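>
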Amino acid sequence: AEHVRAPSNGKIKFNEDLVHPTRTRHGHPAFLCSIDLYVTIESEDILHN
Amino acid sequence: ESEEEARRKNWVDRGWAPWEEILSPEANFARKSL
Amino acid sequence: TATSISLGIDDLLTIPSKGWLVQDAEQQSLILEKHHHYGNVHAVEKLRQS
Numbered sequence: 349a350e351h352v353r354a355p356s357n358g359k360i361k362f363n364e365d366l367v368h369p370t371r372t373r374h375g376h377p378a379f380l381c382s383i384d385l386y387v388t389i390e391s392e393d394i395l396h397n
Numbered sequence: 072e073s074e075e076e077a078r079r080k081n082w083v084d085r086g087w088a089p090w091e092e093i094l095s096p097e098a099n100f101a102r103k104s105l
Numbered sequence: 051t052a053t054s055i056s057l058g059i060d061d062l063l064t065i066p067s068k069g070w071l072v073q074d075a076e077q078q079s080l081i082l083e084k085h086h087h088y089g090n091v092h093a094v095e096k097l098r099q100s
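Chains as they are written, first to last, in PDB author numbering: chain A, 349 to 397; chain B, 72 to 105; chain C, 51 to 100.
1) Helix, strand or coil for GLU92/B per DSSP?
2) Ignore the nearest five residues each way along the sequence and tell me which others in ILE394/A's own chain have a CB closer than 8 Å to its CB.
3) Report the partner residues of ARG371/A according to the DSSP bridge assignment.
4) Locate the alpha helix (DSSP H) running through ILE81/C, then write down its first and last residues.
5) With a 10 Å radius around its C-beta and 16 neighbouring C-beta atoms as the bar for buried, classify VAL94/C as buried or exposed.
6) For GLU95/C, go through chain A and note every residue whose CB falls closer than 8 Å to its CB, in chain order.
7) Under DSSP, the alpha helix (DSSP H) around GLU76/B begins and ends at which residues?
8) Taking the alpha helix (DSSP H) that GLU95/C falls in, what are its first and last residues?
9) Roughly how many angstroms lie between the CA atoms of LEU105/B and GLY358/A, to the nearest whole one?
10) Indicate the three-state DSSP secondary structure (helix, strand or coil) for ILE383/A in the structure shown.
11) Taking the alpha carbon of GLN99/C as the reference point, which residue from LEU71/C, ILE81/C, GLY58/C has its own alpha carbon closest?
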């Protein structure tokens, strides 16, 4: 019930082997996580974790 | 009614035919996924 | 009495980011409507997203 939003503008980098494929309740393609993950957004000024 | 019988009635009477459906990359996902 | 608080039309401020947020939500909603039509999403799903 909480939505992680984006800290800043930029490219999102993560490894896709760890996550597993799914279809959401609203019909969209998505990935499901059952292990902890670190996602980074590469804004030109800084990296957000 | 057994399905076999019903499949007959639909062909002889109501016109059923399993025609082909050409679908988009997205619709195929929909049919298989759900 | 001395400070005298009052309320005016331009004192009802709105958050700076509202336009961007409403505009984006509206885009998502249009795209989902084209897709219900084309067969890629079902009805219970359209209702829920909205």
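Note that the Cβ used here is the ideal one computed from N, Cα and C, for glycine as well.
Short version:
1) coil
2) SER356
3) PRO377/A
4) 68 to 87
5) exposed
6) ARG373, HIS374, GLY375
7) 74 to 80
8) 93 to 99
9) 33 Å
10) coil
11) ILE81/C
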